């Protein structure tokens, strides 16, 4: 189970670099390095997308690297190589990379390897390159460490990994039952954290990992190390963690009064109990511009994943007594509502383009055709006044990736990575065109096996029919017929709006 992590997508690093006034290299011709890449699930899909780029993963585990290379051979990729070696084996002969991704390693490795990671992110980084390093942080990690301590101390039962996992689990359940009637805040925190741990699979409970030491960085100590290597802080990959606007305005003005972003970020870590950071680093020499304005939205392609409570053909967009509701990435609650004809036209245009970025001009022109082409100015005004605020709060995505051609649904066609995963892989998820893991059931997976752009609906349904009778697939003959076709159109919608169709 080697997952892609969308937040490490080189196009995301490049986007964030653009936001802050850095011109990062074009992704399609770039060179990309992943440190501690495991079996390559966070790297291989990019190699498939960008045959003109070059990819290098490094991991100390020979079994993971062997699995990486097996999938490389299977996909026919000529642009990617995996090396079984330590990070500490990397030297100047590896060359310079435009993007360096190190996700979930630096907290778990000894000091000599942490120092090496910083040194590679300097020496092997291109002039305008971007380095990603993610790590656990105090104060938020305290609670996790406590539970690990708890599970180790009560786990002296037997010697086996397997046997010990079961009593770790029933210790989590025992904790739940213990706190049943407790109203204190700490009981609430511990109960939720234990519930999370219980949900996880055995690889995360296995006690050899529980015993592993975490570096327990504070942000300012991490940055101390990065600055020793002449790297400066660019951004967190979730920019909403940098948002100061939900705080009292005197406080915000005071935070701006001192100008250093590391101290401000550390302060926010202290008062928010921050447990994890996904940090972007770049070379000291670059001049970063943190002054962001509304018009900056025009620099980017935009995604706002919103689902309207009422369909478009049932509403009159110029009826301003009607407050219409849109659910964000979903949904119920966690939502927004508008009375504006212009904001309605904008939100309806985003809801037809889910996970398919639109330029400022594309969004506003398409919304204007819903307003009879008369409103372009008012629409541009409404988007300008709002977009960047919602981006900085994390509701809207910006990307340097371009709008994708509308998929043709007569003969639905998924991607090379996805067809491969559906045919040859046991996992119940696939990697979409945004480098996001998308969960699928058995019906959706078997159906993805057949979307090459050739087979029509009847053909795909028949190919799946080969699978149901000899399972393989079992759906929870005529009932099977229209049960299968009732599942078809919603599946196509899910694939088309989750960037699984080409």
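Positions refer to the first chain, counted from 1.
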With residue 476 and residue 477 adjacent in the shown sequence, let me know how many deposited residues between them lack coordinates: none, 1 to 3, 4 to 9, or 10 or more. 4 to 9
Which of 127-135 and 321-329 has higher mean CA B factor, as the PDB entry lists it: 321-329
Taking the recorded C-alpha temperature factors, which stretch has the higher mean, 308-316 or 360-368? 308-316
Sort 464, 58, 433, 438 by C-alpha B-factor from the entry and give me just the highest. 464
If you compare 349, 200, 232, 273, which has the highest Cα B-factor in the entry? 200
Looking at the C-alpha B-factor of residue 24, is it in the lowest, middle or highest third of its chain? middle
Taking the entry's C-alpha B-factors for this chain, is residue 470 in the lowest, middle or highest third? highest
Grab the CA temperature factor for residue 494 from the record and place it in the lowest, middle or highest third of its chain. middle
Within-chain third of residue 196 by Cα B-factor, per the entry: highest
Give the position of residue 282 by CA B-factor within its chain, expressed as the lowest, middle or highest third. lowest
